[PDB]
Amino acid sequence: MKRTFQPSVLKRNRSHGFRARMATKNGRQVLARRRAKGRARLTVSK
Amino acid sequence: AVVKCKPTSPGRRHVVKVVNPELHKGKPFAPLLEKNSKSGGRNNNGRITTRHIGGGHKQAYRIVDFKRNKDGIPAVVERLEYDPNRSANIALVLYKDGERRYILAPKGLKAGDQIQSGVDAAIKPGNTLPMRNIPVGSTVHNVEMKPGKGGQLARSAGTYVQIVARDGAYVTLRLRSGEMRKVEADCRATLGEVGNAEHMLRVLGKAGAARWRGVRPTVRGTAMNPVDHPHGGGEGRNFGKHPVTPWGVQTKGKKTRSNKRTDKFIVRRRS
RNA sequence: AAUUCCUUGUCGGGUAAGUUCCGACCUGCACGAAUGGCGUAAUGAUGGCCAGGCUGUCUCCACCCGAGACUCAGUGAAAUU
RNA sequence: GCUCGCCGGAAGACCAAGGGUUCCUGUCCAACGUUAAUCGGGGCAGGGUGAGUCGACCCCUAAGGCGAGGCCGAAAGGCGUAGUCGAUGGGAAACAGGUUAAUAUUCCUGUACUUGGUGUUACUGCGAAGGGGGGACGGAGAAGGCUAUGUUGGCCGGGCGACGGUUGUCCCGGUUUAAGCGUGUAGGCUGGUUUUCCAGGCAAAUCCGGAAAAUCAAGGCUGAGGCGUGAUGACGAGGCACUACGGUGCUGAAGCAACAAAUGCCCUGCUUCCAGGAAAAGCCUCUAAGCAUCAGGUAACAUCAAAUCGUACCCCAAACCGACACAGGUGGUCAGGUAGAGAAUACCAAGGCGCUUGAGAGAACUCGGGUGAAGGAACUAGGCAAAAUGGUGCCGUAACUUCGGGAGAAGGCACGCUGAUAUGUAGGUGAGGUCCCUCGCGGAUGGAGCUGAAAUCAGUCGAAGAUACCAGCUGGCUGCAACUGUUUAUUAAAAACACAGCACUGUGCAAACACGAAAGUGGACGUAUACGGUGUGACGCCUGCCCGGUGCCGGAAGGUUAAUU
RNA sequence: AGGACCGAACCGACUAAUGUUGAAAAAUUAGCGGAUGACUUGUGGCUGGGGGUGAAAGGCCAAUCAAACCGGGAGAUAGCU
């Protein structure tokens, strides 16, 4: 049956991309937290 | 005129419609068109403020001269076009100078009559002039409360207003709802009544006819649940309250006009 | 009545036999008028009942055709304790 | 390799999205593949994706986002003008054939086309952040021409049949070609030309619009399809030589006519209906400032340029979404033959597959089926299930009724094949000739050929002629809901919700109301024939009585009563 | 012409049987309703939690919902095991 994850790269980029996150300060806070934790990839990208 | 459709189908049994043969068929005047998007009842916050609105056939807006300030030049009406935006038909006039405009269709107007606007215009159905000149006791329409603001009241099909007295710089009108209202005496208006008077008698017949016009179904309060609406739920059919709005304001009688600014203009509230 | 406890109320129809069904009586425990009353053609994967045809539902099961269940070779779990 | 079986409006072919080497070659069976495994989408190594015309990129814009200034807000911030982004929409152009193990409208062959620059030449009003035009738009309906395509008849090349016949009304195969270029047809739309004026299109206009004249009865726009050319070309059944036995090199006849015909084209067409059906840019034209020899524009010629990114493979699935090599889900494009109304259905074509454990045997029992003496619901909560009817044409058909219906009510009759009617009829299609002229893709005749329902009569076979597949059980009484519709994704589809209709009630526009600490936004670019809320819920007959209680509406100067003083 | 009828694709889920350690954490098989519309579908956008949306079932809001998920107050508190 039709289930939740239907991939769409354009929607993925526009909803969780680097620019989309950084557009607001909450996303900046998330980026700072991930940088502090030292995650390998800060956000989804190519 | 009013015509009934015979019951070939249950969705057709009760259909009664008004068909006007004189209305022009064909695309309207393009230079007077502009796009008009439908909102669905959601404000700029994306929240539903008004309910029961959505869908409906796509429509295009049409520019209508509610001011009629182009005085001194007569015009000839070409045809009576149909307007989906409002309930009344709109006449396409052409001035002797080649300028084309749309106006509300007064009753008794056919393609070919003359039209004149101004202080010295002749008294005939359709002519526009301020109440400085109209004799006391006549019926006009498309009136305005502030000079130059454009026609503001009695604009729906089949309606009008009756002037009863002029005292100094203020005249008195009897609105369609029965109110007795003062208004400044230097406002212009159009004589006669708005056409398509038989607009009342149409019968939609089926829910699809209403939905074509973009109106969503309404849910009764008494069948709801307690958490969303004060009329609440319960087993069977229980009401046991006083009728009330969904937001807690009692209906069926409560007044709500609280505008102390403009109460000076009302002579008699409706009865 | 989607009411009615006493109630499988009483009478009539239908069956050999009818607490279900239809038509009346009315003593309405405890109907009833826009939280609507009465009726209504057509409509309903809607509730109830009755007929004709049909038959393995049944009287009472019999035989046959295929996949498993059995045997041999190979791979090779689980609940619980 | 031979035989068998299955799919075949798919289990066939091509994309989009999504995935990323899963594609090809060589090489190994450690681990994976529900058994073996020399095999593989496995492990290792190598190779493979070529664009002025295909997409992206690019010009424009909708829903909407951001948003200088600006408004508002404890701070963080919210909303918004100028503006900029944002396709699922609008904007220029390539066809056919041939080649790799893996690429092909990209490589090669032949034949094209578009855009911009530069220069030469001849003429010369050029100019916009402005004005006009066009781009530019709904549903349903109908029918004339077409085309794809198929069938048949000829034509060419083969063949004479393992067992009765099988030189002929016998069998097999083929009988193919684009873009561009010219032609302007079937057909659709619209009168044209000139002159003189004008409170309009922010100024301006010779442009648009309006007015007044004269003059002519054709004059433009659009337009499928067909013909010629492209094309003496390619392709071509085959045949010839090697087959480093996969393939390779040569050569290569016939390459026509009739009929049928699309959901595709004319058609963004025509008729008709109400619920009245995007925007902007490219394109044409008008002028503003400015520039005037210029500059620039125009037309011909030659020349140069057309950047970058993707191009492998799967794509209704073993590669995507589902923990799996999962009976599940996933948008678009193409649509052969036979019978059939059909894109249903059964058997085939091109093509693709036999679904990654097997071999034996024929216990109970389970699962999916077939038949069954006589009875025919006696079973059971309940005809659950199963059984049964089932097509076309014709005849015939009740109560009730909102006259529409009920109603395919019920019920009955005929159905194959052969001959004749008629050597193939009605009907359709339609050339050669004949004539006339507008000499054209022209007009009238004319019937050759081609195709061809249905019906009647006569005869004939079977137990059975709508023989397979496919394909309504019917009637009577009755409760509820008027009807179509919607709902508890995943135990409840209903008498529940909704609905058209009816009633009350509030709202005079800076409307009522609603989201917002606010600006602001919806209501609505609407104005009481309108909008919000509540109650009932087609239609017909109707809708007693009670204002004490509680609410709501109108008045209190009689009493009580706050901050203040 | 018809929120007209029969019936494919398409949408949905009324009945029965199997399955329930399933080929599937809601299928399949044989029937079934709608099928020019209040129709269905592709792409993109908006509505954020005591809130949204809801032809209204306390339904849906990422296999969850009479108050989503993550992190924190936080070693909440537990006259109970």
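Structure determination for this PDB entry is given in the record as cryo-EM, at a resolution of 3.8 Å.

**Let's talk about the protein's contact with RNA strand D**
Around RNA strand D, 92 residues are found, and the nearest of them are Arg3(A), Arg13(B), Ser177(B), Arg181(B) and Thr222(B). Backbone atoms, meaning sugar plus phosphate, form 67% of the atoms of RNA strand D positioned within 4 Å of the protein. The separation between a sugar or linking oxygen of RNA strand D and a polar main-chain atom of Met1(A) is 3.5 Å. In this structure, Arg257(B) approaches RNA strand D through a side-chain N or O atom, which is 2.9 Å from a phosphate oxygen. Elements with a minimum of two residues in the surface near RNA strand D: β4 (61-62) and α1 (207-212) of chain B. Residues that form the surface near RNA strand D fall into these classes: 28 nonpolar, 35 polar and 29 charged.

**Some remarks on the side chain of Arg181(B)**
All names here are of chain B. Relative to the helices and strands, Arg181 is located in strand β13 (residues 180-184). The side chain of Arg181 sits in the buried core without any salt bridge; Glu179 is the nearest counter-charge, 5.4 Å away. Every residue in contact with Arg181, bar those within four places of it in the chain, is listed here: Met145, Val171, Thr172, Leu173, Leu175, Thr262, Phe265 and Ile266.

**Topic: the pairing of β13(B)**
All names here are of chain B. Pairing analysis gives five bridges linking strand β12 (residues 170-174) to β13, with the strands arranged antiparallel. By the bridge assignment, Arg174 is partnered in β13 with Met180. Between β12 and β13, which pair antiparallel and follow one another directly, the connecting turn spans five residues, one of which, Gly178, has a positive phi of 100 degrees. One ladder, built from two bridges, connects β13 with strand β15 (residues 266-268); its direction is antiparallel. Paired with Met180 across the strands is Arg268, a residue of β15.

**Regarding a nonpolar patch on the surface**
Residue and element names in this part refer to chain B. Taken together, the side chains of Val2, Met200 and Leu201 make up a nonpolar region of the molecular surface, amounting to roughly 330 Å² of accessible area. For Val2, the location among the structural elements is in strand β1 (residues 2-4). A relative accessible area of 45% means that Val2 is categorised as partly exposed.

**Some words on the sheet that holds β15(B)**
Residue and element names in this part refer to chain B. Across the sheet, seven strands lie side by side as β9-β14-β10-β11-β12-β13-β15; this open sheet has antiparallel pairing. Both outer strands of the open sheet, β9 (128-130) and β15, are each paired with one neighbouring strand and no more. Between one strand axis and the next, the sheet turns through 45 degrees on average, direction left out of account.

**Looking at the domain arrangement of chain B**
How big an interface is tends to be stated in terms of the accessible area lost upon association of its parts. Residue and element names in this part refer to chain B. Along its sequence, chain B is organised into domain 1 (1-113), domain 2 (117-194) and domain 3 (195-271). Each of domain 1 and domain 3 has a C-alpha centre, and the two are 27 Å apart. Taken together, the contacts link 18 residues of domain 1 with 18 residues of domain 3. When domain 1 packs against domain 3, the two sides together hide about 1400 Å² of surface, and 56% of this comes from carbon and sulfur. It is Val16, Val18 and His52 in domain 1 that bury the most area against domain 3; as a group they hold 35% of the surface buried on that side. For the interface between domain 1 and domain 3, the tally reads zero salt bridges. Applying the counting criterion to the domain 1 and domain 3 interface returns six residue pairs in polar contact. Grouping the constituent residues of the side of domain 1 that touches domain 3 by class yields seven nonpolar, nine polar and two charged.

Here is what the cut-offs are and how they apply
- Residues numbered from 1 in each chain as written, not as in the entry; some residues may be left out.
- Chains lettered and ligands numbered in written order.
- Part of a larger assembly, values for the part shown.
- Heavy atoms only, no water.
- Near = heavy atom within 4 Å.
- Polar contact = N/O pair within 3.5 Å; in protein donor to acceptor, adjacent residues only side chain to side chain.
- Helix = DSSP H or I, 4+ residues; strand = E, 2+ residues; numbered from the N terminus.
- Nonpolar A, V, L, I, M, F, W, Y, C, P; charged D, E, K, R; others polar.
- Buried < 20%, exposed > 50% of the residue type's maximum accessible area, 1.4 Å probe, protein only.
- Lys, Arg positive; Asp, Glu negative; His and termini not counted.
- Salt bridge = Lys/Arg side-chain N within 4 Å of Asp/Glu carboxyl O.
- Contact = heavy atoms within 4.5 Å.
- Pairing = 2+ DSSP bridges.
- Patch = residues over 30% accessible without salt bridge, like charges linked within 9 Å, V, L, I, M, F, W, Y side chains within 5 Å.
- Areas by Shrake-Rupley, 256 points an atom, 1.4 Å probe, with all protein chains shown as cover.
- Axes fitted to C-alpha atoms, helices over the stretch in contact; angles between N-to-C directions.
- Domains from an automatic or database assignment.
- Buried area = accessible area lost by both parts, 1.4 Å probe.

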